[PDB]
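If you want the building blocks of each chain, they are given just below.
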Amino acid sequence: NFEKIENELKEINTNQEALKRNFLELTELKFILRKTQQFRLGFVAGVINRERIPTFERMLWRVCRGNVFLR
Amino acid sequence: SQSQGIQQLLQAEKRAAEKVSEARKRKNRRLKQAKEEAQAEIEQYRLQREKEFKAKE
């Protein structure tokens, strides 16, 4: 009974985290697609905390020297 | 604003696909032409060797 409850607690923690994490990841993907729909070649799309944006765009223009289209 | 980026990305795909595909088609044509022109030059060299041999014969 202790091994059952130990394994069921470890399992249900894993399943709650996995389903809640996947739910957040798909919610982030919904918002990403809604904005990205407005627009070899290559591109990426993603999510970041809003206060990081000024340093983030500056660093992108440093590594991809003087040349990044972004929104 | 955003329409110039849309046009750049749609043109990027079009150019990068089409220019490469036309060059791939040209590569096949040039290779076929190599065989055809090589054979035509071989036939002219054969015709010369035959005309030369007739002058001996």
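Residues numbered from 1 in each chain as written, not as in the entry; some residues may be left out. Chains lettered and ligands numbered in written order. Part of a larger assembly, values for the part shown. Heavy atoms only, no water.

Scanning chain B from N- to C-terminus turns up one helix and zero strands. Computed over the C-alpha atoms, the radius of gyration of chain B is 24 Å, more than 25% above the 10 Å expected from 2.2 N^0.38 for a compact globule of 57 residues. Over its C-alpha atoms, taken along the principal directions, chain B stretches across nearly 85 × 15 × 5 Å. The buried share of chain B, reckoned over its 57 residues, is 4%. When the accessible surface of chain B is summed, it comes to about 5600 Å², and 52% of that surface belongs to carbon and sulfur atoms. Taken together, the 16 basic and 10 acidic charged side chains of chain B have centroids lying 6 Å from each other. (Helix = DSSP H or I, 4+ residues; strand = E, 2+ residues; numbered from the N terminus. Rg over C-alpha atoms; globule rule 2.2 N^0.38 Å. Buried < 20%, exposed > 50% of the residue type's maximum accessible area, 1.4 Å probe, protein only. Areas by Shrake-Rupley, 256 points an atom, 1.4 Å probe, with all protein chains shown as cover. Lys, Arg positive; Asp, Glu negative; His and termini not counted. Charge placed at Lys NZ, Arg CZ, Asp CG, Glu CD.)

Attention shifts here to the interface of chain A and chain B. In this complex, chain A contributes five residues to the contact, which on the side of chain B involves six residues. Together chain A and chain B conceal approximately 550 Å² of surface at their shared face, both sides included; 72% is due to carbon and sulfur atoms. Looking only at chain A, the three residues that lose the most surface to chain B are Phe39, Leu41 and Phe69 of chain A, adding up to 67% of its buried area. Remark: the boundary between chain A and chain B carries zero salt bridges. (Contact = heavy atoms within 4.5 Å. Buried area = accessible area lost by both parts, 1.4 Å probe. Salt bridge = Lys/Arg side-chain N within 4 Å of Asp/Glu carboxyl O.)

Looking now at the packing of aromatic side chains. Two descriptors summarise a pair of aromatic rings, namely the distance from one centre to the other and the angle between the planes of the rings. Residues and elements named next belong to chain A. Throughout the structure, instances matching the rule amount to one aromatic pair over all chains. Seen in terms of ring centroids, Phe39 and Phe69 are 5.4 Å apart; in terms of plane orientation they differ by 80 degrees. Their pairing is edge-to-face. On the basis of relative accessible area, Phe69 is assigned to the exposed category, the value being 54%. (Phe/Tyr/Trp six-rings, centres within 6.5 Å; stacked < 30°, edge-to-face > 60°.)

Before going further, it helps to examine the pattern of salt bridges. Counting across every chain of the model gives eight salt bridges over all chains. Notably, a salt bridge pairs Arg21 of chain A with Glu17 of chain A, separated by 2.8 Å at the nearest N-O pair. Of this pair, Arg21 of chain A and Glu17 of chain A both sit in helix α1 (residues 2–36), four residues apart, roughly one helical turn. Given a relative accessible area of 47%, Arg21 of chain A falls into the partly exposed group. A relative accessible area of 46% means that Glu17 of chain A is categorised as partly exposed. With its nearest N and O atoms 2.8 Å apart, the salt bridge here joins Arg46 of chain B to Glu43 of chain B. Taken together, the residues span about one helical turn, with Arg46 of chain B and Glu43 of chain B both in helix α1 (residues 3–56) at a distance of three residues.

Right, let's talk about the UniProt feature "coiled-coil region" (unreviewed entry) in chain B for a bit. When the UniProt feature table is mapped onto this chain, "coiled-coil region" (unreviewed entry) is found at residues 6–55 of chain B. Counted over residues 6–55 of chain B, helix gives 100% and strand 0%. Its end C-alpha atoms are 73 Å apart. (UniProt positions renumbered as here; feature names shortened; annotations may be inferred.)

Residues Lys30, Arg34, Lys35 and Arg71 of chain A make up a contiguous surface patch of positive charge. As for its position among the elements, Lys30 of chain A is in helix α1. (Patch = residues over 30% accessible without salt bridge, like charges linked within 9 Å, V, L, I, M, F, W, Y side chains within 5 Å.)

Quick look at the environment of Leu47 of chain B now. Residue and element names in this part refer to chain B. Here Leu47 shows up in helix α1. With relative accessibility at 33%, the residue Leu47 sits in the partly exposed group. In this structure the C-alpha to C-alpha distance between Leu47 and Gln8, which are 39 residues apart in sequence, comes to 57 Å.

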